[PDB]
Each structure stands twice: as C-alpha cells, then as structure tokens.
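Form deposited in one PDB entry, single chain, as structure tokens, below.
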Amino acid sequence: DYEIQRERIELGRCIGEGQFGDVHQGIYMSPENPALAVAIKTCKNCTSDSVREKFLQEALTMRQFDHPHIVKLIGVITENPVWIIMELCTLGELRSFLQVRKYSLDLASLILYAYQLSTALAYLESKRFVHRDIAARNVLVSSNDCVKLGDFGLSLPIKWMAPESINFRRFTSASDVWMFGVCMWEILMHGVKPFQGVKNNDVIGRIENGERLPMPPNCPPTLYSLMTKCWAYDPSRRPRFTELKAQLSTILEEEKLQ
C-alpha cells in the first residue's frame, strides 16, 4: 500500500531538478508519530499519460530495493500533480559536503563512504541490477557517518564510463565497478571531478593509452591499488563488488586505527 494522501504531505524548499520536474524537501505527517523528512519528486508534464507512466516507473524501480545505503521509496500520490515521496537525505549531495567539510573530515570518514556505497552496490550486483550512473553527484548524505545512493531516476557521463560502455554500449556490473572506481577517487579528492578541462572526446583515447586518474594526496597505497584494479581495461580482471566490500572493510579498520 504505497498510495499516500496528499494532505499528509507538506511541500518545502526546492532541492534539485529532474527530467520530469522539480524535487522538493518536505514533511510526511502521520497521526501519533511526529513527522518524517522526505524528498518529493514532482512532475511538470504529468498531464499526459505517457509521461505519467514514465515518471511512475521510477517509483517502481526503487520499490524493488530494500537496503540501508540506498534511498527508500516511501510512497506515491497518483492524482494530479503526481508525486513520488522518497526518504530524505538531510545533509544533501556528497560532493558539496566534501568540499565544505574538507577540514573536519578525517580520511577514516571518506573510506566509510566508499565502503557503505560498495555494500549497496554489492546488493544491486547480487540482484543483477546494473546502475550505469555511479558518480559522486549521485551519492547523498543522511548524516556524518551515512551516505546513500540517491534515486536512480534522478541520476552520457563519458568521464565516468568504462571503455566497453563507451565503445560498445555494453553496460554491466563490471562496468559499474569502473564507475565506482572513479567515484572512490572523487571522494578521496574531496569532490573534485575527473578529467578537468578535458573534452569528452579526448577521454577515451587517453584511457586506451593507459592513462588513469592519479593517486590522490594522502590516499593510502592499498586503496589506490584497489582503484587501479577497478580500472583494468579488460572488465573480467576487475574485482566484483563483493570483493571490493571485503577489501574496503579491512582498509577502513586499518585507518580507524591510524
């Protein structure tokens, strides 16, 4: 029963924009029971029926998943204007957070984020769901010690893509692993984007030349080794997400010790 009464929803300030409409933060109210912070996806052209079924298929996608580190679907409002109500990640996007809290985040917290995400990505792997859009822009922050993948609906990213995805549009879990590799780099770089000033066309020639993103300052050797394994040109030599989870677990413990 995912159908929600509109009167239980209070719309608040706008937090972003999707292909279908604006995203708002708001409150979901309930007798008893305080008040739940939620993200509310809206829909400018949900007037038509084709657009409505495209918009709602996004709700359906999230409903398939139940994981601590993936944003949860709360419900839908299926009269006009059609709304999808997601759980809120109060602290916002990962990139803005890393740039702002650059000087109050120890290396231990950045590794935590990379691990948490990898648990989520291992879950999606075990379900055989290929994300295709793993990038820091798409990670959200619930609290200081908790990141989550945002709505897949709201998420070509040439600079993030595996070679075989670029060259042959083959998107698989091993291509997700590459993308995750890029993402771990963004995190360690405190929200800096890969291949700054480099045009999307220059990207692939450089990846085939062997060029990989540099080791971030202060990045522990073993973690960058793992990143370089995510960027094995041949996708069968790349480690699976369950492998990454067990390595990021030991790496993190090692750093929680310093």
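Note that residue numbering begins at 1 and tracks the sequence as displayed. Here, rigid core means the biggest group of C-alpha atoms that superpose within 1.5 Å across both forms. Only residues modelled in both forms are compared.
Keep in mind the form deposited with a partner chain bound is missing from the figure; the text below concerns it.
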{"property": "Stretch from 28-36, 219-227, 204-212, 60-68 whose residues place a heavy atom within 4.5 Å of its partner chain in the deposited complex", "result": "204-212"}
{"property": "4.5 Å heavy atom contact, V130 and its partner chain in the deposited complex", "result": "no"}
{"property": "Distance check, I77 to its partner chain in the deposited complex, heavy atom within 4.5 Å", "result": "no"}
{"property": "Its partner chain contact in the deposited complex: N167, any heavy atom under 4.5 Å", "result": "yes"}
{"property": "Identity of the moved residue from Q196, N201, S30, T222, C-alpha shift 2 angstroms or more, core fit between this form and the one not shown", "result": "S30"}
{"property": "Residue ranges moving between this form and the one not shown (criterion: at least three consecutive CA positions shifted 2 angstroms or more, core aligned)", "result": "30-32"}
